[PDB]
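Visitor: 3D, please:
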Amino acid sequence: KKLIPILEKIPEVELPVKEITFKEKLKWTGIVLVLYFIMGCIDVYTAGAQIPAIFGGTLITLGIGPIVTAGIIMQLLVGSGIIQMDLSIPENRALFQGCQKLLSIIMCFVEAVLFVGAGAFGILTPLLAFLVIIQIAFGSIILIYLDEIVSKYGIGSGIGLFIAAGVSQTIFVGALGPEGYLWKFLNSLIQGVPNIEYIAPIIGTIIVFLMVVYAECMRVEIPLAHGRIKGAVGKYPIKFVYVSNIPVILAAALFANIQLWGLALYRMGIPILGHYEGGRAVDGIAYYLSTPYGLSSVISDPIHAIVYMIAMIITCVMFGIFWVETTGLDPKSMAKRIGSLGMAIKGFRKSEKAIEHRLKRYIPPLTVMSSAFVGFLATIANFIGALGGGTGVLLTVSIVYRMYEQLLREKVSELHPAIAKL
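Guide: Residues are numbered from 1 along each chain as shown. Please find the structure below.
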């Protein structure tokens with residue numbers, strides 16, 4: 001038995017088995033992208049231009065996608081075995097999912113009320129406050145459904161897009177827009193008092209970017225055994241960085257719900273998590289778990305750094321493993337997908353249960369190694385600090401590339417109407 005009633009009441013998106021051309025999937029995606037950017041330009045209805053935390057929200061903060069938040073819980077429960085489930089059967093698969101979705105809306109409002117209750121606006125007029133929360137959580141809802149759309153009518157993924165979309169925009173705007181940095185620096189030069197601080201963060205991004213890219217390129221190549229033929233053949237590569245993509249998004253996401261739940265459960269109760277004051281946290285768990293990026297790396301707190309990095313690393317390894325018991329690379333299906341072609345490893349064992357085994361073995365370490373790295377990287381990428389959010393930049397770079405491939409797997413599937421599994 002399960003929360004199937006309300007669960008069945010929750011709307012979905014009609015997936016046509018019809019012909020959805022590349023051109024269409026594309027044009028579909030585009031439509032989503034824009035409404036998003038548009039939603040980013042329209043201010044919420046409130047009589048007063050009081051607080052402008054564009055910085056916060058617009059650096060991965062509020063566009064948060066309560067989804068991520070919710071997904072974090074699922075991974076946690078269905079992860080620490082707290083609610084053991086063998087997805088395999090369409091039940092558990094659609095159970096874990098459908099359920100997470102609902103929670104995504106619950107959190108949609110919880111986050112909403114949590115933001116205003118965290119003093120994100122200033123005037124807590126119970127009336128106006130309510131009104132705001134409405135609009136807010138509801139917009140996030142539009143994203144949940146826009147994702148559904150892209151996820152079943154376009155290319156790439158909603159979340160993924162949105163992340164890359166937000167990051168990319170934040171860069172072009174922050175660097176070249178109105179109050180752009182490239183300008184503020186250029187002008188500072190004309191003015192005759194060259195200000196390194198203006199050009200600075202721009203450099204930081206390039207750096208991060210160059211770095212993030214290099215790391216994104218490394219792969220774990222696994223030689224393969226000829227398909228019924230003889231001699232050296234395969235050399236299959238796995239995405240050592242992209243493997244822990246979704247994972248790292250959940251990690252930095254967790255820290256996000258801490259700073260938000262700390263400040264929240266600070267000016268609305270007892271300082272359980274930490275003492276903030278001045279907007280953010282200047283003490284407590286929150287403190288020891290607050291990313292140091294923005295403009296320039298902060299050396300004036302060596303210990304703070306260490307803790308964080310280690311704190312992140314361990315959190316990344318965590319969601320990675322929880323990505324293993326759940327979804328992730330499931331050998332079972334790897335089994336025959338390796339079998340049909342009959343391409344056993346380069347090592348040996350052309351037997352189903354055989355290969356299938358050497359795989360269920362190589363996974364964990366790979367997954368664990370992956371995230372540990374990624375997380376470390378992302379963290380160090382924040383120390384260095386870059387526009388849009390070093391960490392965000394990382395995700396983007398990857399999400400963008402996984403998007404490119406997508407555009408190719410599509411560009412080709414737009415010819416041989418059959419090989420939609422190879």
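Visitor: Would you verify that residue 237 is located in a strand?
Guide: Yes - per DSSP: H, G, I helix; E, B strand; the rest coil, residue 237 lies within a strand segment.
Visitor: Across the sheet, point out what pairs with it.
Guide: Beta-bridge partners recorded for residue 237 (DSSP bridges): residue 221.
Visitor: which of the residues in the helix or strand containing residue 409 are buried?
Guide: Assigned by DSSP states H and E, residue 409 belongs to helix 390-413. Residues of helix 390-413 classed as buried by neighbour count (16 or more other CB atoms under 10 Å): 390-403, 406. C-beta here means a position set from N, CA and C on the backbone, and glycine is covered the same way.
Visitor: So which elements touch it?
Guide: On a contact count with 3 or more CB pairs under 8 Å, 6 or more residues apart in numbering; DSSP states H and E, helix 390-413 meets helix 22-41, helix 158-176, helix 196-217, helix 245-264, helix 352-383.
Visitor: Nearest to residue 70, out of those?
Guide: Comparison of these against residue 70 by CB to CB identifies helix 245-264 as nearest, at 10.3 Å.
Visitor: gap between that closest one and the chain center?
Guide: 11 Å (CA atoms, centre = their mean, to the nearest Å).
Visitor: And for stretch 53-61?
Guide: Offset of stretch 53-61 from its chain centre (CA atoms, centre = their mean): 15 Å.
Visitor: mind exporting it as PDB, just the C-alpha atoms?
Guide: C-alpha atoms of stretch 53-61 as PDB (Å, rounded to 0.1, in the frame of the first residue of the first chain):
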ATOM      1  CA  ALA A  53      19.500  39.500  -3.000                       C
ATOM      2  CA  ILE A  54      19.900  38.800  -6.800                       C
ATOM      3  CA  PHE A  55      23.400  37.700  -5.700                       C
ATOM      4  CA  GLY A  56      22.100  35.000  -3.400                       C
ATOM      5  CA  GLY A  57      19.200  33.500  -5.400                       C
ATOM      6  CA  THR A  58      21.100  34.200  -8.600                       C
ATOM      7  CA  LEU A  59      24.200  32.000  -7.900                       C
ATOM      8  CA  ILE A  60      22.300  28.800  -7.500                       C
ATOM      9  CA  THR A  61      20.300  29.900  -4.400                       C
END
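Visitor: Need the contact partners of that stretch.
Guide: Residues from elsewhere that reach stretch 53-61 (CB atoms under 8 Å, 6 or more residues apart in numbering): 40, 62-63, 120, 163, 166-167, 170, 252, 256, 388-389, 391-392.
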